[PDB]
Amino acid sequence: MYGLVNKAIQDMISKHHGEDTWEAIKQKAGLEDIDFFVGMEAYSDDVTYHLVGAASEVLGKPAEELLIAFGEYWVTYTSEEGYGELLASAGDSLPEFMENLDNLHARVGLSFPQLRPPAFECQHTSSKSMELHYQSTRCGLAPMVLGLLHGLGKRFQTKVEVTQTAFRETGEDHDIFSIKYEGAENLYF
Ligand code: HEM
């Protein structure tokens with residue numbers, strides 16, 4: 001994946017766990033030779049997956065737990081490393097934003113020309129509810145989507161309940177996420 005993902009992982013770990021840890025994790029993963037990650041440089045996917053497994057071990061947290069946290073972090077990280085304007089243009093509400101994710105990764109592709117973006121399809125079951133279809137060229141990153149949606153909840157000041165209703169490793173087409181999202185009414189009543 002692009003070095004931007006790998007720096008984001010480095011920055012997330014260096015923030016919550018201090019720099020000694022991150023360089024322990026970097027060693028377990030087998031990546032000392034890489035003196036640092038370049039955002040715009042494509043890397044073998046190995047680099048990302050190996051960091052996650054190294055992080056899981058050194059930190060004693062499951063891959064799934066780290067992915068869920070990363071997914072939330074990425075929302076923040078992207079808006080602060082100079083992609084705030086893409087995020088902003090993609091929508092002014094969760095439902096709007098969800099429908100333009102492919103369009104967003106299309107726009108990202110201009111800056112990152114070897115991107116292998118994910119694919120999202122939105123089925124609006126109401127103005128409080130949606131089915132999210134996630135399709136990926138890769139395995140094992142459905143948990144990141146949990147995290148992302150939690151970040152997007154905060155983004156739109158919306159409370160988002162997410163249960164994954166379909167799982168690819170049970171032989172389904174794509175991961176499906178059933179999504180319940182409510183604003184001010186959660187608070188006042
Ligand atoms: C400005 C905002 C964003 C940027 C710059 C961005 C960029 C990227 C990049 C560079 C990758 C790595 C893929 C590769 O190198 O081939 C990626 C992966 C991914 N992005 Fe985005 N992204 C953005 C927003 C989002 C948002 C809002 C979501 C919300 C759901 C999302 C979901 C994902 C997922 C799930 C992956 C994992 C790859 C896969 O499924 O195969 N991204 N993105």
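Pick from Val145, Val160, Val108 the residue whose mean-square fluctuation is largest in a GNM of the chain, springs joining Cα atoms under 10 Å.
The residue with the greatest mean-square fluctuation here is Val108.
Among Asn103, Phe156, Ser56, whose Cα projects farthest towards the positive end of the dipole of the chain, with charges put on the beta-carbon of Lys, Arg (+1) and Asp, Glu (-1)?
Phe156
So for segment 1-145, averaging the separation of alpha carbon pairs under 8 Å that are six or more residues apart and normalising by length, what relative contact order in percent results? Walk me through the intermediate numbers first.
Details: 146 pairs, mean separation 31.6, N = 145.
22 percent.
Relative contact order of segment 73-131, please, whole-number percent, based on alpha carbon pairs below 8 angstrom and at least 6 residues apart. If you can, show how the numbers build up before the last one.
Values: 37 pairs, mean separation 13.5, N = 59.
Reported as a whole number, the value is 23 percent.
Could you tell me which of rounded, prolate or oblate describes the chain, using a ≥ b ≥ c as the square roots of the eigenvalues of the alpha-carbon gyration tensor, with rounded for a/c under 1.5 and, failing that, prolate when a/b is larger than b/c and oblate otherwise? Numbers along the way, then the final one.
On the way: a/c = 1.66, a/b = 1.58, b/c = 1.05.
Note, shape of the chain comes out prolate.
Give, as a single signed number, the net charge of other residues whose beta carbon lies under 13 Å from the beta carbon of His174, with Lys and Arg counted +1 and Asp and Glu -1. Display every interim value, and only then the final one.
Numbers: positive: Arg138, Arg168; negative: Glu121, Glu131, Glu169, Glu172, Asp173, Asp175.
With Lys, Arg at +1 and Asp, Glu at -1, the net is -4.
When a/c reaches 1.5 or more, the comparison of a/b and b/c decides; with that in mind, is segment 25-93 rounded, prolate or oblate per its Cα gyration tensor?
On the way: a/c = 3.07, a/b = 1.57, b/c = 1.95.
Oblate is the answer for segment 25-93, as a/c is 1.5 or above yet b/c matches or exceeds a/b.
Give me the one-decimal nm value for the distance between modelled label points at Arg116 and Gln27, 7 Å along each residue's Cα-to-Cβ direction.
3.0
In nanometres, what is the gap between the two model label sites at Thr163 and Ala88, each 7 Å from Cα along Cα-to-Cβ?
3.8
Distance cut-off 19 Å, Cα to Cα: go down the list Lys26/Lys61; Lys154/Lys180; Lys159/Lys180; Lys7/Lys154; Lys28/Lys61 and report the pairs above it. Could the numbers behind the result be given before it?
On the way: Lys26/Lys61 16 Å; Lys154/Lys180 14 Å; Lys159/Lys180 8 Å; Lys7/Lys154 23 Å; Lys28/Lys61 15 Å.
Over 19 Å Cα-Cα: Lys7/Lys154.
Classify segment 62-144 from the C-alpha gyration tensor, please: rounded if a/c falls under 1.5, else prolate or oblate depending on whether a/b exceeds b/c.
It comes out rounded by the Cα gyration axes.
Using the basic label-point model (7 angstrom from Cα toward the beta carbon), what is the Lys128 to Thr76 distance in nanometres?
Taking the simple label geometry, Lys128 and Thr76 are separated by 3.0 nm.
Using R₀ = 35 Å, calculate the FRET efficiency as 1/(1 + (r/R₀)^6) where r is the Cβ-Cβ separation of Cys139 and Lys180; round to 0.05. Intermediate values should be presented prior to the final figure.
Numbers: r = 27 Å, r/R0 = 0.77.
Once rounded, the FRET efficiency stands at 0.85.
Here the Cβ is made from the backbone with ideal geometry for all residues, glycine too, and neighbour counts use every protein chain on show. Coordinate-derived values only; no laboratory data.
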